[PDB]
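Before anything else, here's the structure in question.
By written order: A, B, C and D. Residues from 1 in each chain.
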Amino acid sequence: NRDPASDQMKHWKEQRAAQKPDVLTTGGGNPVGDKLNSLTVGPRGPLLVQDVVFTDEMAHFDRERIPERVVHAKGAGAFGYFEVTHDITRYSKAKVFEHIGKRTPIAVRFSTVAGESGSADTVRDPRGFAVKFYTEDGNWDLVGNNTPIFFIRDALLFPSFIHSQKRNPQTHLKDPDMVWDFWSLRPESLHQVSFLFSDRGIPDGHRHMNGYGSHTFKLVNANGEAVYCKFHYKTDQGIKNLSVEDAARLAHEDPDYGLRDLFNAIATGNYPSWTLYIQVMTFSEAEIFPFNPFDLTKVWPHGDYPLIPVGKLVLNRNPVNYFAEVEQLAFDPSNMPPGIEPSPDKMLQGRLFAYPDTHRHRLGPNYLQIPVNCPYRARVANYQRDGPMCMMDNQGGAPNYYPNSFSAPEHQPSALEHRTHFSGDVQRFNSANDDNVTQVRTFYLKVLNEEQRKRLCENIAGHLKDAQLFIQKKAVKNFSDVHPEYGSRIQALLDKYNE
Amino acid sequence: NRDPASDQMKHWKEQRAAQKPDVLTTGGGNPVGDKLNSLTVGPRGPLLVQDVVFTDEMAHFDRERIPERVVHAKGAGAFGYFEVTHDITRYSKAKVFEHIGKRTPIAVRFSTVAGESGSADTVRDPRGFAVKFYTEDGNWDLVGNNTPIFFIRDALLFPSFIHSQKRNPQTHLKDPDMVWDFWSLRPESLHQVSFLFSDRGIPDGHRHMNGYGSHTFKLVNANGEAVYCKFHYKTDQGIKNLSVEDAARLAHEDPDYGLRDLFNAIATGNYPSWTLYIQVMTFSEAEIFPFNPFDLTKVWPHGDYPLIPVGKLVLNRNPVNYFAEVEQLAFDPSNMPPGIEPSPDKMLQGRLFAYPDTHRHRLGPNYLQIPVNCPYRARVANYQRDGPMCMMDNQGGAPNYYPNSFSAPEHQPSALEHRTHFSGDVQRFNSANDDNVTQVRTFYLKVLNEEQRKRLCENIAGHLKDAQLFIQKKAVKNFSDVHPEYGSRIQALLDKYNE
Amino acid sequence: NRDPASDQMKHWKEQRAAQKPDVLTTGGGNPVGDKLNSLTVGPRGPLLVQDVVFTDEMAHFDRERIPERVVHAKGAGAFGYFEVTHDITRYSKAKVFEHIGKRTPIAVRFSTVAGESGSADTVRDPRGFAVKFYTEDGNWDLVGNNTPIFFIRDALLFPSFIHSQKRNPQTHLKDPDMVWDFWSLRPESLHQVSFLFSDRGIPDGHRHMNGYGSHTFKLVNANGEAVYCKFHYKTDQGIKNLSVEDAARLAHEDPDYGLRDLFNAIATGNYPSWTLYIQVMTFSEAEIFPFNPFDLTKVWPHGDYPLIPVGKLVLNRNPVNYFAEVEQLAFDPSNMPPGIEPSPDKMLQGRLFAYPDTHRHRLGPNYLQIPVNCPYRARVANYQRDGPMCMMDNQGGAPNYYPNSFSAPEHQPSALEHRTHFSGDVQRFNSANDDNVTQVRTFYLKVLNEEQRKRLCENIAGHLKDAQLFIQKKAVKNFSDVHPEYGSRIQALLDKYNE
Amino acid sequence: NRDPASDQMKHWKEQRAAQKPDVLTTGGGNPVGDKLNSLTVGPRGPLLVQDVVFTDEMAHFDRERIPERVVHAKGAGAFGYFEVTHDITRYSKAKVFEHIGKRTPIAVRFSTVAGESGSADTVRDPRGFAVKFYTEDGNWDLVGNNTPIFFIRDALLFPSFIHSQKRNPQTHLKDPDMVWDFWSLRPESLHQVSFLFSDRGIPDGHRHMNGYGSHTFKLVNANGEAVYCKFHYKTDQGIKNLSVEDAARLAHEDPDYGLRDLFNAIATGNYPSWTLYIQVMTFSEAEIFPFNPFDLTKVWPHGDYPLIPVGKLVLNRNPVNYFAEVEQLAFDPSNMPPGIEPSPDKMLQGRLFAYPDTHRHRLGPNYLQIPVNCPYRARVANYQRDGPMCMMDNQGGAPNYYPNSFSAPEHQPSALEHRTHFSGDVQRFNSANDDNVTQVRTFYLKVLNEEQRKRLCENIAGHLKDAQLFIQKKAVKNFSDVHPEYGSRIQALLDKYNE
């Protein structure tokens, strides 16, 4: 008698004992007479083409795979609801926030960043925390991480950053020279790197970590007034981390530790939950903010910008088929219902394009008609047609052009976007040296105690150890810019690692 | 007031008059505020990425097209039912023939062969007549033509034949040298070419032609007893042809003559129907048959093997969305319910591989989950999993391996196929010199009268004249092998056409 | 003996006449022993799987087709050169214009707009005129039409317009009600529609029509100064059109009239050529221009902005394999070498995204690695890696991330784009009511003579007659906004055809 | 200084030291002026579509992934040559064996079977060992394992078997009951399962293991005489394994232990070499062989059928780009040059279909035109045309149909297959009850010593304990069917694991 996950097949048989097993059929529904023996000429003769039973199964096996996610490939999924606990209709007119008590079905995916489909869960890396809201004003995808910040603040460095985080193009091995050459040349990453190599770099499962929308977003109320915001969904189960000692053992003992823990939790009625908060910044407060309010490498301090609670996230359902419901999950930051809008955040702007595009590649042009991705709580009506694997009535014989005098769907003026005024030059602005150390200086000295600062440099030194000396001296110098003792600790550890 | 086809949008709006038009939404279900004006900076400024309304629409527009069919690309569709009128249960145990009165939902596609998506309907070519039967034991695709025979009798020559009937690989033009160089090198085409260039080469729409399964098929009844058979669909609307003169006029006046003719018919309640007949040959009679009974270039003469009535095919429903319902239609001759099986027809054996193969490319690995391709009157249960665009529960948490101790689907031993034993060396047997002339001589002398043979040579000479003299003399000689006068009539016209 | 098009294979054999025929192989290069006969057990036995010769040919045949172009599917191709004849280096620093006499290889594709792969060439429609310049600064794609203007001025209407021009989503028929309903609700189409329905709507082949960039572009010289421009590449063969009477005859007599004609021309040494002009507008003149200089439904009058000659485009080579060379051609308006840039033209803005997107769908992620699409006169080096069907060294073992301390490719600061200043509310500005008639009024009264206007109304009336009366009366008033006699001439024709 | 693998970028820079960095261009070859900062409106403004530098970079990143291999996903690659050292031309007429001393370029891929792209290398599993021979008669793909046998002997069980070895359809976890539920229901796997859980289940890298073709193949010499054969390709480095103790440790310390080991070896001049042997069975010996000579779960004993040496395979070159050269490597067992032919092995027959099929999905229809998949030592000439991503001239304007009178490729009668005679009922013959225990018994009793048997049982029990008890005792029952002492040593241990 084992954990509920391993008893998956066992329960399925029990859940069906009263029923008789179905007739085994071909993909076309034709009953198979025998599926253990190939159609051959004589007992030791060759196989026939006429064996259409064989081909139909064999061919589908051959196409079982789809391209994995280009980032965050290793993933865990769950389902539940979002429930409003406070009224913030003064900030957002989004129906998902309409009144206290309102529930919205959600879909959540947890993931790592660099690891592939088969990688270990208990490794040092950021963690994905994507949430899909099935609202009546369409689907809302809040694709956030377990950190309030990221390593870079311009989307043009994202493909580069990821490459450096993955495998060498010739050797196909993880190479720390790629890792630290990038990080040391781009000191803006100092903030997020400090987070990653801290205790929270290896969370104890998916239920013991916080989530952040990271990006500054725009909220718009009914009168047409707008504010900026941050999304924080903090763990109700409490922050708990794994030791570098306990994370490494698990890496071979249970590669899918996070997958198994989440599944076991929900299956056993122990439902994990998060409390959704926001921070709010007025357009006025945005212009006087000491840093760039849309810099993804920046946080909003809690003292100046307190958390305003909105609701609860509860995961109370395990997926039924992992592939069909979790691996085919597609999240689009461009999915924003009326009342929630993007800020001019350089990184967020890039994500508005990238995600729908990649889903059309990874899953298909009509990925939005896949059940788990469908906005099934909205009525989709538009002038979009066809595409590979078209799955519904394709909107019937409805007029497919707009405008028309034949009463096909109409635009909704209520859903017009907030109008902002901008001015300046149209060119590429250098953002590389906005203040990269001040908030990092704050994190190191004020948030961490002396013991965590000690482990922080150790985790850093242990990985920086593999880079060339010129990359090392560059990294240490970048760290010294945060705090001299911080920089001197890492290199002090390095002088011991270099024998 | 006009024909029903053109009034489609008019009728669509009338059908909705009580309702108010829907809110125009994105694929993610988010209402759009305006879909007539782009998000720009100032009235004459640049476009913004944060405008996801444009991208989501445009990106979908970009992927509207899927590969057209490699052959029979130009198509017309309709739906209806198959109804059993006579008892043929002594020959087949197939549920589709179970008792008199039995109805099966069907799907029919009509097509030409060589023309691409935009070509004219009224051209000389064979015609497709594919019928999809939605039976309880899965789908039955009886994929037939308007001819009992074909141009070739070996599956390895099919790509070649097709290439020769389509466009020249350099000029992208129809090439008479490609067409007849082939035909003259493969005299077996003499039978079907004679059919093609007769009156029935250009049918007056799809409602005035017969359809044939062409292939000899196998029928197996409840006792496991087997016979060979042919399928015949004779028009209840009567054979009716176009003169080449009026077919040519319609080619520019109405490129979609056959498509609209069908649509207008059904919409005005005038439902087209065909009468299903069979011919039956016992294992005893097959071996004493003068020719190869599985030779696709051979008919079974009515004198020896008369038609046995089975039922009626009735088309009484038009497609609602052509693309979702007719362009994504997939017929697999390999889709055969218990009671219907393949003969050793070299060509039919080849078709068992090709169609499922091409559909996985054209539509996708999971093309059978598309509504019109789905066997919705049967329960698909098997150990096939995953694949791109997985659309249902993916059969849940059911055990995905076979055999298993967990009550996942089981084979059904009753649905085993009839067992025949075969022998001779396993080798590549030459089929080039089976009787190519006897049945053709028969067709020329017995079935055609003096005026139709006269037009037959005129229709042939009119096309062969564009081929080189060495090809003409080669083709004519093949026609001379059929009948001296047949060869001599063609050469008489060619000498005038050659100036 | 026949035209060069018909003798393609004939010449192919003679051009090879000295050599022995090559060994017929599988895709894996294995020689075939027999490709006319299937491997079976006994002369009348079932086909074997062990026949991998059959499978390999058939499997490839099954995948011969790729998704056709969403628009401009019916096409003719040629290759040649662009030669600079005049000096415009004071306007553009682009290498393609560097000195007089300089030649650059080009590729040209001709197309209609609405017709599918099999549709007729000689129909009333705009004509595609895409030119790809293989410059040292990368490829330059000038994707223009045979008209200086278009039907719409916002990219959000393009999917709408196209749908209206193609087949009904239910009946799959061309629908005059769809066609004019769009046009009548959108009077901005009045300009281009006026072009389309008089003589130049049906050009006599591809060599007797002009080409236009239509869009306003930006030119930037060595001093960093910018101007706006229009591209006109006018035919050296002279404008020549087909009458409605016989253009219709060719639709059925020779569906590929332009396809054959273009091929025949080059092969017989008559190389077609076009003379490239530009028009130039300063930023200052853009500010005083009476209309929106980026309204695609507007021309720059020759009086105000005279043509400046640049060079010749000459097509002097026929393609060798149509598919590999013309069907796989991908033109990207986003392909612009340093010195040539986009204006804030809304329609042009949309094309920057749309074209690269669909090409990744239609052809593939690595579509730029296809020979005709490859920038073979430039050195492609970047941090792009992998993707489906990667065909080269994949840039070797070079570092794939940027920045790096390992001497991977570097930015070229000179190649930065022009800096413009923009400001205004970020909002969707209504352009629906920009002047729709003035330039149209000018075209009607000043450019056309009395019979061309008479023929113009006939062609419109001949097409509009099939639409509903409310659509007719709506359209006529739109035409009346151009000129009272114009609307009334059309209306005089409609009242008798409506019996 | 570090291992050669880690110094890849260091060395890349050195090889380039004289050179200055390339001009960074778009995929279309246009140089980019700045690729670190985005095109925006104002320093803190929104992103523009006009930034095509960004869009195309992101879009290509979005499409970097292709479906990983459905099996054998985790892989290592190397290149070298095959050298003939002995004469076996009396057995085979294949050009790869034509004379002593002859060298042929090879491509090798090493792999696990079940693990995905991110899985650990040092796990208990079979090892893939594929060799691609680039012969003048086309490519010869010898797709073998590190075992002479397999778990099953019929192709219809392969997809089922694989699923059981992979992840649970709901929980997405490795599931021990799935593994053994299958294995215990199919006792033929006892042989391969016995091999797997012995020392050689976890080899010390890829250079310390043997390769086997496993399948019986056919050899044909010039006289048309045929023999059956097994390929045994033995390591020159000697068998060397990792204990499970350090194999578990290496699993988290170095996920790509084998990948790095292979690369490091080749880079340091330490070239791995293996010796190719064959076993030969005459048609006469096949009829008297006590077991099925085509049973993939059976070996040919060395005593009756001694090893005949053929040549050497040597790997002396590392890949330059892993993706282009190793991840896109495609092996087809159906790729067989004249002189090598398939036996009637049920499993091998299935693989003729499966591999070409899956590659058309994974890589593309035209995957054989990929450099590493291309038969560059052969001339591909045939009548195959078009398809997505066509990369050469597509065989020019050559005639695309066969037969033809225009001197296109001709079949080569020399390349006909060996002709065999067969007889029997065409039916599905049951292979479940061929002798499943005898050859396993000798391995346990005669080949293993007393300590290896002890560990064999420990490793099984260590893994089998996780399955349900009803599954365990059934599996244990199979082990006792091999030998009573073998079964209960295992059973003594499971009962210890059952607390």
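Going forward, a residue touches a chain if its C-beta (ideal position, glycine included) is under 8 Å from a C-beta of that chain, and two chains touch if they have at least 3 such contacts.
Chains and their UniProt names: A, B, C, D = Catalase.
**Student:** With contacts defined as at the top, give the pair, B-C or A-C, that has more of them.
**Tutor:** Per the contact counts, B-C leads.
**Student:** What angle of turn lays chain A on top of chain B when you fit their CA atoms, given in steps of 5 degrees?
**Tutor:** 180
**Student:** Could you find the chain whose CA centre sits the greatest distance from that of chain C?
**Tutor:** Comparing chain centres, D lies farthest from chain C.
**Student:** At what distance in angstrom does the C-alpha mean of chain B lie from that of chain A?
**Tutor:** 46
**Student:** So the centre of each chain is just the mean of its C-alpha atoms; given that, what is the distance between chain A and chain D in Å?
**Tutor:** One centre to the other, that is 34 Å.
**Student:** For chain B versus chain C, what separation do you get between their C-alpha means, in angstrom?
**Tutor:** Chain centres of chain B and chain C, defined by C-alpha means, are spaced 34 Å apart.
**Student:** Starting from the mean Cα coordinates of chain A and chain C, work out the distance between those two points in Å.
**Tutor:** Using C-alpha averages as centres, the distance is 40 Å.
**Student:** Residues of chain A touching 2+ other chains?
**Tutor:** In chain A, 8-10, 33-36, 39, 41, 45-50, 55, 57, 59-61, 63-66, 157, 159, 169-170, 178, 181, 320-321, 323, 344, 349-350, 353, 357, 360-361, 365, 383-385, 394-399, 402-404, 406, 416-417, 422-428 touch at least two other chains.
**Student:** Chain adjacency by touch: line, ring, star, complete or other shape?
**Tutor:** Graph shape here is complete: every pair of chains touches.
**Student:** By the document's touch rule, what are all the touching chain pairs in this structure?
**Tutor:** A-B, A-C, A-D, B-C, B-D, C-D
**Student:** Show me the residue ranges of chain B that touch chain C in the complex, using the header's touch definition.
**Tutor:** Contacts found on chain B: 2, 5-6, 8-10, 33-48, 53-55, 57-70, 73-74, 76, 115-120, 154-159, 162, 167-178, 181, 248-249, 251-253, 255-256, 259-260, 263, 292-294, 318-323, 326, 342, 344, 346, 349-350, 352-354, 357-358, 361-362, 422-432, 466, 468.
**Student:** Where on chain C is chain D touching in the complex?
**Tutor:** 8-10, 12-13, 16-17, 19, 21-36, 39, 41, 46, 49-50, 52, 55-57, 59-61, 63-66, 137-139, 141, 320-321, 323-325, 327-328, 332, 334-338, 342, 349-350, 352-353, 356-357, 360, 363-371, 375, 377-382, 384-399, 402-404, 406-417, 422, 426
**Student:** Once bound in the complex, which stretches of chain C touch chain A?
**Tutor:** 41, 45-51, 54, 157, 159-161, 163-164, 168-171, 178, 181-182, 185-186, 357, 360-361, 365, 383-385, 394-406, 416-417, 419-428, 470-471, 474
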